[PDB]
Amino acid sequence: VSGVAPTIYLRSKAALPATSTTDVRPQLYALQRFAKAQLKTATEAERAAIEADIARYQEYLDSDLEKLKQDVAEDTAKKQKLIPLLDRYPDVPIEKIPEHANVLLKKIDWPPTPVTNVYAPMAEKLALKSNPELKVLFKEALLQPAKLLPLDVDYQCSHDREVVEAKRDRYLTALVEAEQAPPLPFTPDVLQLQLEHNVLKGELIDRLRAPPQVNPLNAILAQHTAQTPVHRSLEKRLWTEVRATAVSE
Amino acid sequence: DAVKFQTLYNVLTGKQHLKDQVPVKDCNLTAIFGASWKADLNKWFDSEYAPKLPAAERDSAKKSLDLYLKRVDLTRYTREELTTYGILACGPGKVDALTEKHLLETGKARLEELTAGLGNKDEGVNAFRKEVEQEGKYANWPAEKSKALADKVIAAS
Amino acid sequence: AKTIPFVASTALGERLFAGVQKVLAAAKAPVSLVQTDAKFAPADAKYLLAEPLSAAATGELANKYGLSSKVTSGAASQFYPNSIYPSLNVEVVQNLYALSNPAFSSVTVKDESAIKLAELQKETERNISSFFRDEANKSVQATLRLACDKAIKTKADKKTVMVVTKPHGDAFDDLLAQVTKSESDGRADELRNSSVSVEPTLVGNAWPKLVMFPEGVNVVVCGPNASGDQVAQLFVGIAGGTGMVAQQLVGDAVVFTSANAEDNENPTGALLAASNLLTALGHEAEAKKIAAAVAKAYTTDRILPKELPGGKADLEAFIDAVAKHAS
Amino acid sequence: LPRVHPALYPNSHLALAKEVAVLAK
Amino acid sequence: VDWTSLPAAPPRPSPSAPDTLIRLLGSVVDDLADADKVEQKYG
Amino acid sequence: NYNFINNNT
Amino acid sequence: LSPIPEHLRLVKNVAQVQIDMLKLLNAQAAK
């Protein structure tokens, strides 16, 4: 590490740029250009529908996205009005069901059907990430991270100090991303899950009172995707992302 | 001696690439050399390379050498420190003042971080002094200068 | 009097509108500037002038006008005081697909239903991703073709060197390497004729070359990574700091710009932008008048702005001096 | 085969908007 | 003598990462060490 | 049939 | 032979899946 270094590797978490913005206009413009490209392969009917769509996106841009926020708010209002109506038996909550099941098994006392449990593995990660010790190290590592890395060995090993600074810079970003990362890997659509939970609750009680294992739902989405062009499917990614910001702001 | 200084002049003027996929830098050059870089370079220049060639090329080479020396003094800094934290945005002539500003500002910020995480201004200041001393030792920097900077930042806080 | 738009979302842009309008009226050119905003600019306007765009604003404007690349021009290093870089006849080029599209990075059993559904979903995603990849490759091709045409149009000193930053890793760098291979192995003819020396290099082995000896380089190319942003900021500063360099944005249309941080006020970058614009339209005599006025301001009166070393003065007084030197 | 609700159908709220306005009052 | 070459720096012993950093970053230290080798080569 | 629908599977 | 206990165990498994989903979302919202 030759040369009298002019500056010193002092850093602040405030100086580290942590924005995590989510822009909407460029995504919209990319949608527009994609539809423009599909126009060439489109037939006349879809050409007309796509011209209407293109004019709609240009209207959104000229009105500065307020029309789109209004539209997505309308759809989400329909959704949020829908779910409490499908809240069929609210007085009979969900944890009380296995008690009923134990009761019926006691009363009554074959190829079984399996289950795909996805949300229970993630619950195990909460048993780790929610610990106090794991957060203590986060609380004490970022404040004094030089203790962890062998900086003395690294400085002696590398003639240039720029490489050493880059290694230290990356470790913080890996740690900052770690603590701020959630247990989940994705953004769960809360409404479309409470829908299923409210419908599924509407099915178990009707089953408690009283072949193949196929899911006919998949024989509908396979038709829905076929009917729609691609730009509408991409438009769904846009509308979903706007529900995050509009609920945030 | 004269060999090493001719090699140095060639590298600065750009007539030669260094003997690997290596860049020219103050660090990556003075590490090879004996850390008497600029003084001995200028001395060998004014002794053995100026009187040889005519005066026009002498003036042009003197100009170019001064420029390249300033440019390597600029190379001393890091890329991220240069661009992101705004050391060069004003310009080379203002790099020094911007370094001073950046140092005092990041010192205040680090001090506030330490005190917010720990409190106990005595303890925070002590840990800050330890950190600054260790970083100076790591960057091959005068410990007296680092202590003076630490006291300066504390007094200015 | 033509109506060339002028995007400005800041008081900096507003005061620069007033100053540049005074300058241009004193220079007696048949155009006029129109205050607008980045989100409401008029399409079908090819040659424009602008102010420091933020990243999001560059993205929006590029998506609107079909832009692909941003060029710099450090001509003001000659005017910089105690200039360490006299006559910096090189050019930096940075791609823009990140700002135009930041989101580019991104069989339980054999039942007929599920495999059909996955096939349709993957076909949809295939179409989308293929379109986006083709667009990225086309933007990169535009950047490289622009850099090659620029190196060729320049007075070739039998070297005509093009440095190309290429940190191995991410997708943008992979695309850029692939496109360099494609162009070099494909054309080779104007290449071998003008002796255009294309060179993919790394950041640590490139930015010191650019700093110490930019004489050995004529063009620089960078993708829209942190590395490319850093090298562009390096040149933007080395040419005399934010305010002295003249930026440019090209693709399917040209808009000139001047880089400036929050605290800076030097408009010389924007004046050189105006000069380049007027040369594009045809008023080369007026552009030379403006350049001579700038040179007179920096040499005769030597009235430098506050941010710059040495002398110090305000934006509006500097522009008054510029206008009086012009007329 | 099992049953599915018109809400579990895709894009349901669009065609079910009438019943919603009739019901939520 | 070859001044144009660069001298052999002192040898770097094995990494021997710490349990604390591993617990904080399970599946990332391998990637970071690989990138460190990459940066020692190129950058 | 007695099976149950699960959209996310 | 009868499918009643297997149906009831299906119900138990699916209800525990739903409750685990609910706890996951509750812990995420709390955070």
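At-a-glance table
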item: D_trans [Stokes-Einstein, Kirkwood Rh over alpha-carbon pairs] for chain C, 10 °C, 1.306 mPa s, µm² s⁻¹; result: 75
item: Phi to ³J(HN,Hα) by Karplus 6.51 cos²θ - 1.76 cosθ + 1.60 over the range A:156-167, Hz, x for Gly, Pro; result: 5, 5, 9, 5, 8, 8, 5, 5, 5, 5, 5, 5
item: Residue (of A:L128, A:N215, C:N137) at the positive-pole extreme of the protein assembly as shown, dipole from beta-carbon charges; result: C:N137
item: For B:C27, C:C222, B:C90, order by how many other beta-carbon atoms lie within 10 Å, fewest first; result: B:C27, B:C90, C:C222
item: Theoretical ellipticity at 222 nm over chain B - DSSP helices of four or more residues, -39500 (n - 2.57) apiece, nearest 500; result: -21500 deg cm²/dmol
item: Long-range amide H partners of C:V221 with built H, under 5 Å; result: C:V93, C:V163, C:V164, C:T165
item: Under-5 Å amide H pairs with C:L67, H placed in peptide plane, nonlocal only; result: C:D252
item: Two-site FRET efficiency, B:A116 against B:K63, from Cβ-Cβ distance with R₀ of 51 Å, rounded to 0.05; result: 0.50
item: Using a Förster distance of 41 Å, the FRET efficiency for E:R12-C:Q141 (Cβ separation, nearest 0.05); result: 0.45
item: Cα-based equivalent ellipsoid, the range B:55-157: semi-axes from gyration tensor eigenvalues, Å; result: 36, 15, 11
item: Label-point separation in nm, C:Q178 to F:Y2, each point 7 Å along Cα→Cβ; result: 5.3
item: Per-residue HN-Hα couplings for the range C:36-46 [Karplus 6.51, -1.76, 1.60; θ = phi - 60°; Hz; x = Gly/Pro]; result: 9, 9, 4, 8, 10, 5, x, 5, 6, 10, 7
item: Shielding of C:120-133 by partner chains, average beta-carbon count, 10 Å; result: 3
item: Out-of-range pairs (alpha-carbon distance over 29 Å; input A:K79/A:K201; B:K137/C:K312; B:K108/C:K209; A:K125/C:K166; B:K25/B:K62; A:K40/C:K46); result: B:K137/C:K312; B:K108/C:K209; A:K125/C:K166
item: Reach of C:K306 by Cα under 25 Å, taken over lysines that are not fewer than 8 positions away in the same chain; result: B:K70, B:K94, B:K101, C:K22, C:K289, C:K296, C:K324
item: At q = 0.22, 0.30 Å⁻¹, base-10 log of I(q)/I(0) for chain E (Debye sum, equal scatterers on each alpha carbon); result: -0.88, -1.11
item: Amide H contacts of C:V31 (H built 1.01 Å from N, under 5 Å, at least 5 apart or other chain); result: C:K2
item: For the range B:1-77: relative contact order, % (alpha-carbon pairs under 8 angstrom, 6 or more apart); result: 46
item: Per-residue [θ]222 nm for chain E (sum of -39500 (n - 2.57) over DSSP H runs n ≥ 4, rounded to 500); result: -12500 deg cm²/dmol
item: Residue-wise HN-Hα coupling along the range E:34-43, computed from phi with Karplus coefficients 6.51, -1.76, 1.60 (Hz; x: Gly, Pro); result: 4, 5, 5, 4, 4, 6, 5, 6, 7, x
item: Antiparallel content of DSSP bridges confined to the protein assembly as shown, in %, to 5; result: 35
item: FRET efficiency for A:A174 and E:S5, using Cβ-Cβ distance with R0 set to 35 Å, rounded to 0.05; result: 0.50
item: Summed side-chain charge close to D:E19 - residues other than D:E19 whose Cβ falls under 13 Å, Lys, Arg +1, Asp, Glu -1; result: +4
item: Partners for B:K4 among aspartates and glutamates (Cα-Cα distance below 17 Å; same-chain residues under 8 apart left out); result: B:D26, B:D40, B:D46, B:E48, E:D2
item: Distant alpha-carbon pairs in the range C:250-327 (separation over 20 angstrom), percent; result: 35
item: Radius ratio Rg over Rh of the protein assembly as shown, counting only Cα atoms, Kirkwood formula for Rh; result: 1.03
item: For the protein assembly as shown, with +1 on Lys and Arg beta carbons and -1 on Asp and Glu, the positive-most of C:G310, G:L10, E:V38 along the dipole; result: C:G310
item: Whichever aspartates and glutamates have a C-alpha closer than 12 Å to that of A:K139, once near sequence neighbours (fewer than 8 apart) are set aside; result: A:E179, B:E113
item: Listed peptides A:2-15, C:36-49 by packing density, highest first (mean Cβ within 10 Å); result: A:2-15, C:36-49
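A short reminder: the numbers here are calculations on the coordinates, not readings from a lab. When we count neighbours, we look across all protein chains shown, and the Cβ atoms used for this are built from the backbone with ideal geometry, even at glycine.
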